[PDB]
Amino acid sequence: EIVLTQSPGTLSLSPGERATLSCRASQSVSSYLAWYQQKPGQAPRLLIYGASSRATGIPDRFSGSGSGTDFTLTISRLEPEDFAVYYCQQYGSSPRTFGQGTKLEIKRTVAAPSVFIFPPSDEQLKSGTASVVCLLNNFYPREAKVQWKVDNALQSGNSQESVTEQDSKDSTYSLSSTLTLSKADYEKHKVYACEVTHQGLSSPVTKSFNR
């Protein structure tokens, strides 16, 4: 077993810059290293083989380097579609092993989130469960803080958050926070507010509704 330790874990670079990725090795593998690009929802695509050679159909802006233990993948003239998780694979000694990956983000301007709140539907309320959904739409950067305040009391333990990948258009994130409560514990309260703290907001934005 030989472990490939990539670095950094993730990166964030603007379009047109140069992205350098490092792939370390437990043991020497000579030039027997390959690089792969895996866009979200897609299979990995061969980018570099032999640690220097470029696979067919790959633009010249990609290039490989490194000799026996330290390897470098350099991507120049960054395009919005050239960003995904990049893996390095060695084939010097069996078994072949990959790296943990190295994500690449398309940086952009700071966009204030658009906050929307959705009360649970009456159809769902019949089944005995109420779901309150708070939406953060088209914001950058990814980092954001969402707090559930029911009757001005902070709630903890029933909120799950989901974040989409970077949108192809506007390169913006979107986050969903859902609060799950019983119909009983739901109608034992009046005000359901969602407070959002984001870099693009001067002050936290609160969206609330009354049952």
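Note that residue numbering begins at 1 and tracks the sequence as displayed.
Here 72-80 and 113-121 are compared by their mean Cα B-factor, and 72-80 comes out higher. According to the PDB record, 10-18 carries the higher mean C-alpha B-factor of the two stretches 186-194 and 10-18. The entry assigns its greatest Cα B factor, within the set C134, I106, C88, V85, to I106. Take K145, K149, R61, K39 and read off each C-alpha B-factor from the entry; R61 has the highest. When the modelled residues of the chain are ordered by C-alpha B-factor, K169 sits in the highest third. For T56, the recorded CA temperature factor ranks within the highest third of the chain's modelled residues. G101: CA B factor lies in the lowest third for its chain, per the PDB record. Among the modelled residues of the chain, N138 sits in the highest third by CA temperature factor in this PDB entry. Compared with the other modelled residues of the chain, the Cα B-factor recorded for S94 ranks in the highest third.
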